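Residue numbers (the deposited numbering), protein chains in the order written: chain A, 51 to 1036; chain B, 28 to 304. Where a beta carbon is used, it is the ideal one built from N, C-alpha and C, also for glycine.
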Ligand SMILES: CCCCCCCC/C=C/CCCCCCCC(=O)OC[C@H](COP(=O)(O)OCC[N+](C)(C)C)OC(=O)CCCCCCC/C=C/CCCCCCCC
Ligand SMILES: CCCCCCCC/C=C\CCCCCCCC(=O)OC[C@H](COP(=O)(O)OCC[N+](C)(C)C)OC(=O)CCCCCCC/C=C/CCCCCCCC
Ligand SMILES: CCCCCCCC/C=C\CCCCCCCC(=O)O[C@H](COC(=O)CCCCCCC/C=C/CCCCCCCC)COP(=O)(O)OCC[N+](C)(C)C
Ligand SMILES: CC(C)CCC[C@@H](C)[C@H]1CC[C@H]2[C@@H]3CC=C4C[C@@H](O)CC[C@]4(C)[C@H]3CC[C@]12C
Ligand SMILES: CC(C)CCC[C@@H](C)[C@H]1CC[C@H]2[C@@H]3CC=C4C[C@@H](O)CC[C@]4(C)[C@H]3CC[C@]12C
Ligand SMILES: CC(C)CCC[C@@H](C)[C@H]1CC[C@H]2[C@@H]3CC=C4C[C@@H](O)CC[C@]4(C)[C@H]3CC[C@]12C
Ligand SMILES: *[C@@H]1O[C@H](CO)[C@@H](O)[C@H](O)[C@H]1NC(C)=O
Ligand code: ALF
Ligand SMILES: [K+]
Ligand SMILES: [K+]
Ligand SMILES: [K+]
Ligand SMILES: [Mg+2]
């Protein structure tokens, strides 16, 4: 961890510190011992957990601990029975089923558990392989890994910088620090101290950054992981090993259910000890409690629900790498978005052009077909000609039928923008450039800030030389003595100069780079056709020009971004722009997108409006704030918290990746779920620390797409509002699914409680309730995830993570007590009907379980005096168990119907709008019919055939459940916030 | 708040009370459809089971004639069962009717309705169980190697056993069929090697016949016909190998009497007797 940056030092101080020489370098022995001590110049990959331990750790998470305890108890019960010569089995079956359930749930949880992976593989595309380093004054090619701090390295154009160097000799070196700032604008390099911050010091080259053109010489200062990109990779790989909000909700639900199961098991085990029961009976009761109170199929059902949503989102070109990330977008409260590449198109494009003392507005959409800004007006022909002819950029080959804005261009960004504009608005400038012959003069020297090209008109009428020139507007104006306004030329009026200057100031205020244009026709009287031209600019005049127009470029936002941001802000989400660009451009883009509204106004703007000191204005009036990198590097964390809390609209500018991480962490300190969108290397630490990270697909980089939880393949920023829609719908339907899963636990638990307490014959077995848990409820649990939105999902506020939970006390109370008890009552009605219709009246079944389950007795006397053999008793027991199973199934049909809604009514939502619900009901019909009249024709797994009337006894209880739930929802609807909403709504 | 607590507790009290009321009402409506005189269904008890009296636990009998405690359990159980079959408890004539000593047709005592009052039961006297009655023989045969077990047919309401017609060949000629009035019962060794050690079999039934007389059927239901004494058949062996375990099977033959592989007591026995020296 080294941060003692010393770019202020002169060459000699660097020499003394690093013990080298420009002419000499480092000796071979010196370099070898450096390679021994400091370490290779290579990004060290991180330690990763092998997948098999990641898979094995899934077998102890969720409800699996309880299932393992149950399997151990099953084995203990079997060994006790085997000691006492009991070949009944029925317990190896249960143990095998429990182990299989554990294995399957672990498989599903492993499938849902993240993706792991590392970011280092993405950096290989940028890291150079070799480097031209000098040792003992000899220029040799050495692999970049072998390069070590202290040696002199020479960098040419078009190759990656071998390591972090301090430039000492430079000659026209321009680097591309897009990995540190996110901007592809070439940054010039020098050999002098420019800025205190090492990221803008202009005399330091950075590891893996590319040198666009020129030669440079520098002394290596940092290597390997101590470089800036090294720290970026270390941060992007060493953070993010944290749970997701949906994982926390599921863990809380598991904690509630496991606590309920443990408490009931402990208390009833103590009671069984206090009631003269054998240990075998007690442990069998404990196994039944454990199996009944655990929703085995729910944790896999949640995974399947997330998978279905992920597939139907990936159908919309939205790849979801982490399955848990489908939910997070929707509980998100803050979206920290990168500017360039994400909000904007990352392409320089003309936006405003000024002529006739008016400001014209140009379309900037990516898929635009034509431009129309009062083209029929005067002076436009001269502007068109000067834009077309005065350009050097050229299109790349193999572009016959390529979209115009998607055509690759070789040249400067500004030249590319003007060339794209001319191609769009004129169609074919290649013919126009060909027909107008170009004199071999185009001075584009540095420190000039202008360039001119002499042409001869192809029109037979005029046939005069033309000198078109564009460059910095001030230089254009100082060389201009007249302006062309609607054909004819006005003199250099004071009012015209004032209009020029105010247009300049306002166009700069919109954060755009203006370029001035001017041309001067050369009459043939003074310049003949055969007159020679010289590059020295002495053979032709460069004064007394005429100003035609003034164009500016913006790097505009994408077409769908402003509407998406407006919808996100209308959905209760707070959007923050965190960018590495200059504050002026960031503020302009924020105003142009919607992050800062037109009415909202910042502190600096208030100070400008009132002309008062910036310290005099009260910050309470300002509703927006723009914070630069320097204002944030010296900001105490409490100040950052207050800045985020106070201002609704914030823009961060000139921020390093570490500062982006700081902002994300500070936003998460407010108990807010944050989402980060980005498409660059500098966004990787933020894309990892964020709860959900979204990356662009076409414009994105490999590091960002590896560090993100979701990738937008078509770069449609509008997919965020659909993601929020899907996340909120997922949360609601997950509440519904959890309620429907938990409601069937009580009908499975009550029979064993009654069997222990009142000594009835076993109303239902453990394998039978496992059949309920695994077979019948799974498809309806999937079906409840297809419920449409009850109300305006995208009009609510984001849920509070701490206050609002997926499984609150209301849902658990309603699922266990209000419902579930009714289902147990209906099932017991069916059970008593089955037993009484064959001879055993309800009151004769009290405390009969000891004599009922005695294989010795074969003359048990029922209510009518008949004598029952042991096998007939257990066959009647199986009949009652199957009937109780069927009663549970039918009341679960009713409960599926009532769980289709939470506040609405089945009359409003619709019974048949969700066909997967009816598929689930049909599946239960088929499964129960099979389990009754197939398996059961041969008596196996405590299933027997049922009489026709035993299939319909519990139907009135299902109707009662439906009527009660309809009344509850009706009273919730009628009187909101009336002790009924607060207590009965879940 | 305290008022909120009171309101929620009142709601839960009324809600659970209403649920209990609905449950009890459904139970009452269901019970209104079952008769107190005959069961609605007899799906499981239609083929009657066969059961012995000593009520042995693991389907085994292991005792020693020497030590009284070795057979004390069996003797006490037989005494407990046969106490109610003593003629001293059957003397009253208002509730008992002396039915003839010769097997006859089943007696139809009216119909399963509250009218006609209670029913009268044919009396079964212990004298018919020769030398296993306990009148003038102690230990109920559990002297040196003379075990005997009382076989009974499980009670079923409205059950009229149909003895097999002697058209088809049932077994070796018993020299007395009397099919229309006696349900045949025969005890044989389970497999071949136990037939050589089981010894002779002595059957003691009413009228000297080897089976259950049909005059005692049908049963009427412990309400119309309480104090009903089912017919008994004492089976004594009198000859069996000492210090050897013999598996003996007793089967009740009839057209209506059924058997089952799943149910081992549906008209069959699996009893083992071992007489230690
Ligand atoms: C949420 C989960 C709920 C689960 C509920 C399980 C409940 C288990 C209880 C079952 C017993 C139900 C009895 C209901 C009978 C009907 C009500 C009644 O009016 O019946 C009066 C009884 C006679 O009815 P019968 O059967 O002869 O009718 C035969 C039908 N016919 C009349 C046509 C011949 O009068 C008599 O003879 C007997 C009089 C004496 C009765 C003493 C009972 C003492 C038993 C105490 C055990 C309580 C355990 C509680 C555990 C709770 C744990 C949460
Ligand atoms: C014989 C045995 C039969 C067993 C049958 C099933 C028994 C279990 C059934 C239900 C128990 C559900 C337990 C839920 C536990 C939640 C754990 C948890 O994570 O807690 C967090 C909550 C947070 O609260 P909040 O801010 O969301 O609340 C806001 C309320 N607002 C809006 C009014 C301000 O803390 C809280 O709510 C405080 C929670 C207080 C809970 C007190 C105990 C309630 C349990 C009662 C069951 C008693 C036995 C019933 C047996 C019936 C037999 C007929
Ligand atoms: C027969 C088929 C099954 C039937 C199931 C029946 C379910 C519904 C039962 C009771 C709910 C009745 C009240 C609905 C509206 C409440 C308004 C309210 O609670 O007002 C509140 C005060 O009320 C109370 O203190 C009493 C609370 C209600 C007590 C109900 C009776 C006690 C419990 C009964 C449950 C019985 C359930 C039995 C089911 C058995 C198994 C099926 C406060 O109102 P506020 O000043 O905020 O007004 C708001 C002003 N605004 C509207 C303009 C915004
Ligand atoms: C009479 C008997 C059945 C009542 C039993 C009530 C039990 C099962 C309920 C009531 C209160 C509940 C607890 C309330 C608080 C917490 C803390 C939470 O972090 C985990 C769940 C846990 C631990 C709950 C477990 C289940 C719980 C203990
Ligand atoms: C709202 C009501 C209709 C829901 C109740 C569904 C009931 C009535 C349906 C669902 C499953 C069906 C049963 C499935 C299996 C069998 C066995 C077959 O050999 C006879 C028909 C029978 C017995 C069906 C009868 C009708 C049935 C019981
Ligand atoms: C009938 C008896 C034996 C058991 C039932 C006890 C019930 C009625 C009592 C005991 C504890 C009570 C709960 C205590 C805590 C809460 C959480 C609160 O946010 C809503 C009320 C609620 C859910 C209460 C509802 C009523 C309650 C569940
Ligand atoms: C048992 O009773 C029979 C009845 O005939 C009798 O013949 C036999 O001798 C008795 N057995 C003994 C030895 O008690
Ligand atoms: F272009 Al950036 F963060 F400003 F990726
Ligand atoms: K369960
Ligand atoms: K993440
Ligand atoms: K369940
Ligand atoms: Mg970017």
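Host beta strand (DSSP E) of residue 302 of chain A (start-end): As a working mapping, residue 302 of chain A is identified with position 252 in the first chain. Residue 302 of chain A -> not in any beta strand (DSSP E); alpha helix (DSSP H) instead, spanning 295-323.
Proximity test, residue 130 of chain B beta-carbon vs ligand 9 heavy atom, cut-off 7 Å: Mapped onto the second chain, residue 130 of chain B falls at position 103. Not under cutoff, so the answer is no.
Neighbourhood of residue 377 of chain A by C-beta distance below 6 Å, restricted to the same chain and skipping five residues each side: Residue 377 of chain A sits at position 327 when you count from the first residue of the first chain. Excluding residues within five positions, the ones whose Cβ falls inside 6 Å are 296, 777 and 780.
Strand pairing of residue 534 of chain A, partner residues [DSSP]: Working through the first chain from its first residue, we reach residue 534 of chain A at position 484. BP columns for residue 534 of chain A point to A:539.
CA nearest to the CA of residue 965 of chain A, picked from A:741, A:834, A:392 and A:604: As a working mapping, residue 965 of chain A is identified with position 915 in the first chain. Checking every option, the nearest Cα to that of residue 965 of chain A belongs to A:834.
Contact under 8 Å by Cβ, residue 398 of chain A with residue 472 of chain A: Taking the first chain and counting its residues from 1, the one referred to as residue 398 of chain A is at position 348. Taking the first chain and counting its residues from 1, the one referred to as residue 472 of chain A is at position 422. No, these two residues do not count as a Cβ contact at 8 Å.
Quiz: which residues have CB nearer than 6 Å to ligand 11 non-hydrogen atoms: A:345, A:791, A:794, A:795, A:823 and A:827
Own chain partners of residue 517 of chain A with C-beta closer than 7 Å, once the 5 adjacent residues on each side are dropped: Indexing the first chain from 1 puts residue 517 of chain A at position 467. For residue 517 of chain A, where only same-chain residues beyond five positions count, the Cβ hits under 7 Å are 502, 504, 569, 570, 572 and 590.
Touch test, the stretch 143-163 of chain B against the stretch 41-52 of chain B, Cβ-Cβ under 8 Å, three pairs minimum: no
Separation of residue 269 of chain B from residue 226 of chain B, as counted between CA atoms: Translated into positions along the second chain, residue 226 of chain B becomes position 199. Translated into positions along the second chain, residue 269 of chain B becomes position 242. Each residue's Cα considered, the two are about 11 Å apart.
The stretch 164-174 of chain B / the stretch 203-221 of chain B touching (three or more Cβ pairs under 8 Å): no
Residue range of the unbroken beta strand (DSSP E) whose run includes residue 735 of chain A: Sequence index remark: in the first chain, residue 735 of chain A carries index 685 (1-based). Residue 735 of chain A -> not in any beta strand (DSSP E); alpha helix (DSSP H) instead, spanning 734-739.
Unbroken stretches of the beta strand (DSSP E), 3 residues or longer, contained in the stretch 643-718 of chain A: 674-677 and 699-702
Residue environment, residue 243 of chain A, which counts as buried when at least 16 other CB atoms sit within 10 Å: If you number the first chain from 1, residue 243 of chain A lands on position 193. Exposed, by the Cβ-count rule.
Ligand 4 heavy atom lying under 7 Å from the CB of residue 868 of chain A: Looking up residue 868 of chain A in the first chain gives position 818. No.
7 Å CB neighbourhood of residue 839 of chain A in its chain, flanking five on each side removed: Position 789 of the first chain, counted from the first residue, corresponds to residue 839 of chain A. Excluding sequence neighbours, residue 839 of chain A sits near 779.
Option in A:249, A:993 and A:413 with minimal Cα separation from residue 926 of chain A: In the first chain, counting from the first residue as 1, residue 926 of chain A sits at position 876. Closest by alpha carbon: A:993.
Continuous alpha helix (DSSP H) stretch holding residue 569 of chain A: start and end: Along the first chain, one-based indexing puts residue 569 of chain A at 519. Residue 569 of chain A -> not in any alpha helix (DSSP H); beta strand (DSSP E) instead, spanning 563-572.
Touching by the beta-carbon criterion (3+ pairs, under 8 Å), the stretch 723-738 of chain A and the stretch 384-398 of chain A: yes
Under 8 Å between C-beta atoms of residue 938 of chain A and residue 351 of chain A: For the purposes of this step, residue 938 of chain A is taken as residue 888 along the first chain, with counting starting at 1. For the purposes of this step, residue 351 of chain A is taken as residue 301 along the first chain, with counting starting at 1. The answer is no: Cβ separation not under 8 Å.
beta-carbon residue 1028 of chain A near ligand 3 non-hydrogen atom, thresh 7 Å: The residue you call residue 1028 of chain A lines up with position 978 of the first chain. Residue 1028 of chain A Cβ: within cutoff of ligand 3.
Those runs of the alpha helix (DSSP H) which lie wholly inside the stretch 774-808 of chain A and span at least 4 residues: 795-808
Three-state class that DSSP yields for residue 519 of chain A in the structure shown: Within the first chain, residue 519 of chain A is the residue found at index 469, counting from 1. Strand at residue 519 of chain A.
Check: residue 743 of chain A C-beta below 7 Å from any heavy atom of ligand 12: As a first step, residue 743 of chain A must be located in the first chain, where it is residue number 693. Outside the cutoff, so no.
Under the three-state DSSP convention, the category residue 189 of chain A falls into: For the purposes of this step, residue 189 of chain A is taken as residue 139 along the first chain, with counting starting at 1. Residue state, collapsed to three classes: strand.
Near ligand 1: residue 294 of chain A beta-carbon under 7 Å from a heavy atom: Along the first chain, one-based indexing puts residue 294 of chain A at 244. Result no, Cβ not under 7 Å from ligand 1.
Nearest-angstrom Cα separation, counted from residue 226 of chain A out to residue 742 of chain A: The sequence position of residue 742 of chain A within the first chain is 692, counting from 1. The sequence position of residue 226 of chain A within the first chain is 176, counting from 1. Taking the straight line from one Cα to the other gives about 29 Å.
Cβ-Cβ distance between residue 414 of chain A and residue 604 of chain A below 8 Å: Taking the first residue of the first chain as 1, we reach residue 414 of chain A at position 364. Taking the first residue of the first chain as 1, we reach residue 604 of chain A at position 554. For residue 414 of chain A and residue 604 of chain A, yes; Cβs fall inside 8 Å.
7 Å CB neighbourhood of residue 92 of chain A in its chain, flanking five on each side removed: In the first chain, residue 92 of chain A corresponds to position 42, counting from 1. If we look at residue 92 of chain A and ignore the five residues flanking it on each side, its Cβ neighbours are 195 and 274.
Between the CA atoms of residue 874 of chain A and residue 962 of chain A - distance to the nearest angstrom: On the first chain, position 912 is the one that residue 962 of chain A refers to. On the first chain, position 824 is the one that residue 874 of chain A refers to. Rounded to whole angstroms, residue 962 of chain A to residue 874 of chain A spans 28 Å at the Cα level.
Beta carbon proximity, residue 111 of chain B to chain A, threshold 8 Å: For the purposes of this step, residue 111 of chain B is taken as residue 84 along the second chain, with counting starting at 1. Judged by the 8 Å Cβ criterion, residue 111 of chain B is not in contact with chain A.
CB contact flag (residue 723 of chain A, residue 383 of chain A, <8 Å): The residue labelled residue 723 of chain A in the question sits at position 673 within the first chain. The residue labelled residue 383 of chain A in the question sits at position 333 within the first chain. In contact: residue 723 of chain A and residue 383 of chain A (Cβ atoms closer than 8 Å).
Residues that residue 892 of chain A contacts on chain B, provided the C-beta gap is smaller than 8 Å: Against the first chain, residue 892 of chain A aligns to sequence position 842. Those are 54 and 58, listed as they occur along chain B.
Simplified DSSP state of residue 251 of chain A, which is helix, strand or coil: One-based indexing of the first chain puts residue 251 of chain A at position 201. In the structure shown, residue 251 of chain A sits in coil (DSSP, three-state: anything other than H, G, I, E or B).
For residue 472 of chain A: DSSP bridge partner residues: As a first step, residue 472 of chain A is located in the first chain; it is residue number 422 there, counting from the start. Answer is none; residue 472 of chain A lacks a bridge partner.
DSSP-derived helix/strand/coil call for residue 246 of chain B: Sequence index remark: in the second chain, residue 246 of chain B carries index 219 (1-based). Of the three classes helix, strand and coil, the one that applies to residue 246 of chain B here is strand, per DSSP.
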